[PDB]
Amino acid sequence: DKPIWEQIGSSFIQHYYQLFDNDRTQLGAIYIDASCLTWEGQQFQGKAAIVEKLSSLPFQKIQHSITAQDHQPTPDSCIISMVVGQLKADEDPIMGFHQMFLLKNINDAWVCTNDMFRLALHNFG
């Protein structure tokens, strides 16, 4: 009785972070040539540029934890998902993050066409 979009969105999220936290050089499998990534405000178009950027991050170990995830179907048969959570890389402070994914079913598989990620900064005084 759980909607298809929640089932698919939840499984996609789990798989994405599993790949991210263990071997991000293998993340291309979930993107396509026409994909777009926005990381910390910077945009990257196309699978090649996206995998290059993600693989390039100066972290040795990364772990994501999901606080909440919401999924909805969109008018063009896609699935849109919003994730709020925390992340811990190396010995950097744990920080919150927000991420959005748009999934489309192509060739009988759900892949990501749009990925937007932003890490929270702490507001100092």
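A residue's number is simply how far along the shown sequence it sits, counting from 1.
Asker: Per the record, averaged over C-alpha atoms, which has the higher B-factor: 58 to 66 or 94 to 102?
Answerer: Comparing 94 to 102 with 58 to 66, the higher mean C-alpha B-factor belongs to 58 to 66.
Asker: Mean CA B-factor: is it higher for 27 to 35 or for 85 to 93?
Answerer: Stretch with the higher mean C-alpha B-factor: 27 to 35.
Asker: Compare the C-alpha B factor of residue 116 with those of the other modelled residues in its chain, then answer lowest, middle or highest third.
Answerer: Residue 116: CA B-factor falls in the lowest third of its chain.
Asker: Would you mind checking where the Cα B-factor of residue 80 ranks among the modelled residues of its chain, as the lowest, middle or highest third?
Answerer: Bottom third by C-alpha B-factor.
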